[PDB]
Structures are given as structure tokens and as C-alpha cells.
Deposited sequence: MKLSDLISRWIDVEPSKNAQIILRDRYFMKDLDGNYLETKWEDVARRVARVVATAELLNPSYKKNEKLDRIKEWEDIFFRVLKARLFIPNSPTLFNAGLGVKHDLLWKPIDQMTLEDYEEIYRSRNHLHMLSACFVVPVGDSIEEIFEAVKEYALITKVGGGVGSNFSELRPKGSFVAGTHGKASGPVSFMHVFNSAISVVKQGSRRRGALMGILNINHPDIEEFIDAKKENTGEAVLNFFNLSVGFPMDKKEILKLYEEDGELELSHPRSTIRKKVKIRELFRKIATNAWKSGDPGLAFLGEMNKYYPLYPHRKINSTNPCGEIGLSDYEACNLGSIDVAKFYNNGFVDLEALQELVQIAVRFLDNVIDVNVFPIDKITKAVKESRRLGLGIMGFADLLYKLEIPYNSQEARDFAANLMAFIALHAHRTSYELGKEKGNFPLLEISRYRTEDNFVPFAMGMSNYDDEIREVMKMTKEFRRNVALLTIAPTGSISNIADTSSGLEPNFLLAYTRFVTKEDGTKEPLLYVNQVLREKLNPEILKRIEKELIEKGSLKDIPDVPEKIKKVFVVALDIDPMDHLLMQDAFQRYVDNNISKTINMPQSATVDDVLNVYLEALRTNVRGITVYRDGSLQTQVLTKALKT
């Protein structure tokens, strides 16, 4: 089906009562007196479309002559997919597009727009016009750099960004400070100053410490039981995953050291791993960030380096880099037993241009960030609706069938997104750092593992073409989509449905269609208690096996789904490895070891009932 025809299928499907509540609550603009300037999703779609279309003002391919026509065309296409909720950008784009702009320019009808109208939108974007979810700032080993980072956290947090740092540069607790006296207090103590700052600004962060840091044990125990409540904590593994797996298998020792300290110590890697696992078992923190694996696929490494991710894991970013995200609802592409790939390719091309255009109309609080974004132009296109699509396709999330499907789907998306980036580099100009990247200096560089799709060879040649032309250093991610999937009335990112029937502060729509009412109306009671179909007798085996929820799916099937998607994603993936309440610490270690052998770039575990 053509995308315009898919759009006509979805454009007039109204957001649910639940979606409308969230939108009124957080998304619709209000005036200086709390009066609504927007009252429907279509108002949001119009403002967002128009502001992002404005980027086409800077398109060197257009003559001043056609610009108005071309702009209005892009506004029109952006508006239609958005109103149809086939693609939605990350929250900050929805909150903050048009901040600074005359109200009378933001919702005016497109046929009435003039070239001067777009120019004035472009020029009136203010300091709050911040449209990206993801940030990483360094924290250098000096009081000066530490507290400059604290200020950067406050400023990014204030404008609506989530920020992450690797704190490893900070010399360990007790290290000599060539001051008068006395001693360095170490990374963890300074992370409390970050927490306290953000707790007041927000009156959601990421903190990583590398496995070979001498204060790693204190770090692992840092949210145990003063927390640290605004931090997600991950242990960083800057070295090769293979190397750590070997060391664990051999019961080796890790040397803890720091370049600006005499503090040195040896620890058994197994002991340290177990300590990580025990705490994750108890409370879900800390996670694992496979930084080396991220740098393995980083086009700008080693002259730039990924040291941290954003709070949710899904983008590894170099220092001062930010990334804006957006997600395609794949559940809307179900068509009579198949994914309508015709319409999908069209949308992926549109989604990539929109995300790239967001960069040009984005305003950041810190010039170093403006600069890092301009040079790399990293994007984060992902998907949501995945689990709901599997229900429509009558495929069990816990099956090799689902994972082979997932991999081909992501490969197809990756192929058309990178092809779009080639196209946009031709039209608009390459990302400034193309010349020094592995797309250019290397042969056969591919920013992900592949190995589970028929599309590989096609991907490999598109990657070779991007030696010459390429708008973006990387393009793909899979985010949590915690709010935008609610707006889209669909499942979140790549996660299975957590529950089929609930009451968020609500019976799945696909289940409501496939399940005979009466079988439904009976069971909807004990579905809500119990939280699964599994042990409800007199529901058909076929419904049971397809309509699985997160805790129907064992930890290994969670991890293998993440691997299958990660093979064709150039940034990272947000995925929780749900574990049953009866899972032991050994079960958790086994997840870590399997994770080390797969292509996953990080791990988050959550044991049911643990918190």
C-alpha cells in the first residue's frame, strides 16, 4: 500500500481517552494564564510539522524561488504522518517546538504560509527551543571541571534534557591532591553533589563508573539500602566484551587502577561480577554498559570516544554530544498478515529527514553541544508497537520466529535509513566529520553486527556508498518510548506488553479483537489478578501462546530479542531483562554471561517483586 493510503487509514483515528488525558496534561501548549492554545492532537501535529519543515529554508538544493513550495510540501507530509501517529518524535520535540514563535504563525493554515512566515518562525525560536532527549557531558578530574559539569547538568535538565556522564576520570577516594591538604574524595562523593543539584532543579540521570576503577565496589553499592535517587547507575566496560568473558571463564583477576592515583588493587572478576549481580537482583541497579562494544561500531573512534550513554541506555554519545529521537509505530503497518513494507520504506525516508531537520531548528544551552551535534548529526530513529504487531501477526514474542522476524524488520529499516542518509548527504551536505570517519578511512565498515538477515549484502553495499555521501554518523536506536507510545496507543519500543489488562496512573486492543467476547468478559477478571493468560483455563492454547506478557517470557528470550534487534541498530537499545521473582543471583550472572557472547551493548535486569 502507498503511504498516503495508509495515512488515510489512520489519520482520523482519534487518540484514546487515555492518550487525550496525557496530551492535555503535558503536551498541549497553554498561554501565560494556563489557557489552552492547543486542544487536540492535530494542533500538536501542525505546530511540530511546521517548525521542523522550517529547516528546509537552509536546503542549498532549493532555489529561493521553489523554497516556499518545497517547504509547504514537507510541512504537509510531516503533518499527515504525525497526525496519523505513524511516527512521533521524542517528547522534547513535542513540548518545545515553536517556543518563542508568534502564536498566529504556528497554527495558521499551510496554504496561507508565505516564505517570510517561515523565515520568522526560524528567527524567533528562543533559548528554550530544545528538541533533543539525549546528552552526555564529560566530568574532568578537577574541582573546576567537576562543578562546571554540575552547572551543565542543571542547564540541560532545566531545558528538558536527560544527561549521562562517565565519572571514571575522577581519581579515587584518598588519592593525593597536589594542593595543600588533604585527599581526593573520589567519584561517588561528587555524584551526590549532582544528585542534590538535580533534586532542586526538578523540585533520569545516568552515572557510569568503569569496572577497573578503584572505587568500583563502593559504586556498585551506591544505591544500596544516602542515595542517589536521580541516578541510573551502570558499570562501564571500556574493554572488549570477549576479553571480560575470557577473564571470567578463567577465574582471572582484574587490576583496579587510575592514572592520577597510587591506589591499586586486584580483585577476582567473578567476585565483582557476583557483587554486581546480587545488587541487581535486590534492586535492579547497577546495569552494564559495554562501552568497548559501542566503540567497536563507532564511526569516529578512536579519535572520538563513547564514554557514557543517556539515562535510558539507548544512545552511546561522545563528550558534549546530544541526539534527538523519534519512533515509527510498526503496529500500524500490519496489513492482511504482513508488514506493509512498501509504506514502511516511504515512512523511514520521511522519518530520517524529519529527524535531521530537527537538528537545524534545535537550540541548545551550551555551545560545545551545538558544535558536537553539527559535526556528527547523530540521529535516533526507532520503533514502537513491536509487540502489538507480533500479536496481529499471531507470532509469540518468545520464539525464534519472532526474533528472525525482528531481525529482518530492523535490517530493512536500517537499510532504508542509511540509504536516506546517503540521499540527504548528496542533497544537503555530508556530516562535517565524514572525512575522518570509518565510513571513509576503512573498507567494509558496518556500524552493527548483522548476521541474521537476507538484507546484509544490500546493507553492506549501501554502507560502501556512504563513503561518498552521508548526512548522519548513525541513525537508529530503540528507545523506551514511555510517553510517545501512550500517545500512539501502542506498545512501547521493542518490549513485550507488560500486561494485557491494567490501570496506569485498559484491555489490549489487539486482544480485544482476537478474543471472542464472552470468553473475554468472563476472564477479564482473573486476567487482571494473576496478570497473565497462561493459567486461565478455557482460553484457547493459540491465544495463550501469542498473547504473552513480559513475565511469560523467560530472561533468555528477552535477551535474545535484544540481540536480534541490536544486530541492525547503530546506536544502542533500551531493553529490560525481566526476571521471575524466584530467580536467583546465579540466574542473573547467567544473563550477564549470555550477554557477553551476544551482540548486546548493555544490560538492564529487573526481578519481579524485587522492589
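K.L.:
How would you write out the unmodelled ranges of the deposited sequence, numbered from 1?
P.N.:
No C-alpha for residues 204 to 209, 232 to 235, 516 to 527, 634 to 644.
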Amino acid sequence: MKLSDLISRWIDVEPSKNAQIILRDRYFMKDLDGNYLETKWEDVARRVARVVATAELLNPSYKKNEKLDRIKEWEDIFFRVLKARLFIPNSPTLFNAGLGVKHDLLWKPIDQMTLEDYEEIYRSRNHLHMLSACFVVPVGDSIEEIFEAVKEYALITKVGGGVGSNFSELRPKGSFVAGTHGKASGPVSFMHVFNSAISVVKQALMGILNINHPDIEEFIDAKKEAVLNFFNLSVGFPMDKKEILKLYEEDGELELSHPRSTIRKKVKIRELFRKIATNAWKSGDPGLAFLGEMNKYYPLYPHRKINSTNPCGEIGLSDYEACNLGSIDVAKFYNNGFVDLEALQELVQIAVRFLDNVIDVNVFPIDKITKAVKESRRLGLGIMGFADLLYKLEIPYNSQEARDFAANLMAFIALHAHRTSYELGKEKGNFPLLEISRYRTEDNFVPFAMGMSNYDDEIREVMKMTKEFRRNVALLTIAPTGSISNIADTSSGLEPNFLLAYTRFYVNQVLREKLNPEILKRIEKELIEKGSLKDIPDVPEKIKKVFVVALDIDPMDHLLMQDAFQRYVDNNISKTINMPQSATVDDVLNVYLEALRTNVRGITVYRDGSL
From here on, numbers count along this sequence of modelled residues.
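Note that the rigid core is defined as the largest set of C-alphas that superpose within 1.5 Å between two forms.
K.L.:
Between 551 to 559 and 32 to 40, which has its CA atoms farther from the current form in 8 other deposited structures of this protein, using a rigid core superposition?
P.N.:
Once the core is superposed, the stretch further away in 8 other deposited structures of this protein is 32 to 40.
K.L.:
171 to 179 versus 371 to 379: which one's CA atoms end up farther from this form in 8 other deposited structures of this protein after a core fit?
P.N.:
Between the two stretches, 171 to 179 moves farther in 8 other deposited structures of this protein.
K.L.:
Coordinates for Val446 lacking in at least a third of the other PDB entries compared?
P.N.:
Counting only entries that model residues on both sides, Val446 is resolved in every one of them.
K.L.:
Is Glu144 missing in a third or more of the other PDB entries that were compared?
P.N.:
No, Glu144 has coordinates in all the other entries compared.
K.L.:
Pick between 115 to 123 and 286 to 294: the one whose mean CA B-factor in the entry is higher.
P.N.:
That would be 115 to 123.
K.L.:
Averaging only over Cα atoms, indicate whether 394 to 402 or 259 to 267 has the higher B-factor in the PDB entry.
P.N.:
Taking the mean B-factor of the alpha carbons in each, 259 to 267 is higher.
K.L.:
Using the temperature factors in the entry, find which of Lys173, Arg504, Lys83, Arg353 has the highest value at its Cα atom.
P.N.:
The listed residue with the largest C-alpha B-factor is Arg504.
K.L.:
Among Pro238, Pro537, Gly493, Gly160, where is the Cα B factor highest in this entry?
P.N.:
Of the candidates given, the C-alpha B-factor peaks at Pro537.
K.L.:
Of the three thirds of its chain by CA temperature factor, lowest, middle or highest, which one includes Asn578?
P.N.:
Its C-alpha B-factor, which the entry lists for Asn578, ranks in the middle third among residues of this chain.
K.L.:
Mind checking which third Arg47 falls in for C-alpha B-factor across the chain?
P.N.:
CA B-factor rank for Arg47: middle third.
K.L.:
How does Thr54 rank on Cα B-factor within its chain, lowest, middle or highest third?
P.N.:
Within its chain, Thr54 is a middle-third residue by C-alpha B-factor, going by the deposited values.
K.L.:
Is the Cα B-factor recorded for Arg601 in the lowest, middle or highest third of its chain?
P.N.:
CA B-factor rank for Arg601: lowest third.
K.L.:
Taking the values exactly as deposited, rank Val549 by C-alpha B-factor within its chain and report the matching third: lowest, middle or highest.
P.N.:
Its C-alpha B-factor, which the entry lists for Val549, ranks in the middle third among residues of this chain.
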